[PDB]
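I have a structure here, written as structure tokens, and I will follow up with some questions on it.
Each chain gets a letter, A, B, C, D and E, in the order it is written, and its residues are counted from 1.
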Amino acid sequence: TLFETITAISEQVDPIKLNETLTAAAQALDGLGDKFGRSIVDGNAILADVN
Amino acid sequence: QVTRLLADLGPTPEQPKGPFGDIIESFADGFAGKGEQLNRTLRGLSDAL
Amino acid sequence: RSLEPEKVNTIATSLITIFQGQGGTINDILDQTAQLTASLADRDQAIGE
Amino acid sequence: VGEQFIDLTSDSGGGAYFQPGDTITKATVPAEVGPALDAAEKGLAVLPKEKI
Amino acid sequence: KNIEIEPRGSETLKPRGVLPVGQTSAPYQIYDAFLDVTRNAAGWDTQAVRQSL
């Protein structure tokens, strides 16, 4: 039963689409994850000054 | 550790499908048909920015 | 290697902090930005000119 | 595969010692394989695969 | 355990030839995998993870 359930999930995983999705997500923020958070903080300050 | 993770993050009477089941169900229902719209929005945002 | 407890716990606590009770706020953001962007895009020819 | 045994674990590692004929009333037992298998099967089964 | 060879290139590997360290790899042990997954799962705050999901 456990093997059947894992096989049922694995048939639905479809690794090609997962591969392209994960590749796009990893290339989205490959070298700038601190930069995005710093930008969110900067935008928080900007909104606090503009509102 | 296997028993602990299966009990903590598994199905409960309150949450029959479990955390992962609920999140995959909500993400599949919450983005059903919005893939093309999201792709177009992301392309436009990237170009403009 | 991607299941390191420090990163998982930090991300989990941060998501709990950020998205707790913010459904109405995000709904308001989406509605207001949809209306504003639709009104702005209705003047596409004017903006181009 | 097996080879069960019993371990005596003391965090302090000092002080008073047990005397012959005494009894240790505090103990623990590892999680059984059967409940873990059942929990894994249920947790994997409740996931909607079509939604995946 | 066993060694798997994937032949590449045109030059013949002479007798007593030594493959470079950069062309060889060591296995990822099963006990290493169990150690990694168990040690990582030990430190998880499962309540926080479930609440975040």
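The rule is simple: a contact is a pair of C-beta atoms (placed from the backbone, for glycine too) under 8 Å apart; a residue touches a chain by one contact, two chains touch by 3 or more.
> Tally the contacting C-beta pairs at the B-E interface and at the C-E interface, and name the larger one.
Counting C-beta pairs in contact, C-E comes out ahead.
> Just give me the whole-number Å value for how far the CA centre of chain C lies from that of chain D.
Result: the chain centres lie 44 Å from each other.
> Rounded to a whole Å, what is the gap between the Cα centroids of chain B and chain E?
Chain B and chain E have C-alpha centres separated by 30 Å.
> Roughly how far is chain A from chain C, centre to centre by C-alpha average, rounded to an integer in Å?
14
> For chain C versus chain E, what separation do you get between their C-alpha means, in angstrom?
Whole-Å distance between the two chain centres: 39.
> What parts of chain B, by residue number, touch at least two of the other chains?
2, 4, 9, 20
> Chain C: which residues touch two or more other chains?
none
> Considering chain D alone, which of its residues make contact with at least two other chains?
Residues 40, 47, 52 of chain D each touch two or more of the other chains.
> Graph shape for the chains shown, where an edge means the two chains touch. Line, ring, star, complete, or other?
Line.
> Which pairs of chains touch one another in this structure?
Once each pair is checked, the touching ones are A-D, B-D, B-E, C-E.
> In the complex formed with chain E, which residues of chain C make contact?
Where chain C meets chain E, its residues are 1, 3-6, 8-9, 11-13, 15-16.
> Could you please specify the touching residues of chain D with respect to chain A in the complex?
Touching chain A: residues 37, 40-41, 44-45, 47, 49-50, 52 of chain D.
> State the interface residues of chain B toward chain D in the complex, per the touch definition above.
Residue positions touching the partner: 2-4, 6-7, 9-11, 16-18, 20-21, 24-25, 28-29.
> How about chain E: which of its residues touch chain B in the complex?
37-38, 41-42, 44, 46-47, 49-50, 53
> What part of chain D is in contact with chain B in the complex they form?
Against chain B, chain D makes touches at 31, 35-36, 39-40, 42-43, 46-48, 51-52.
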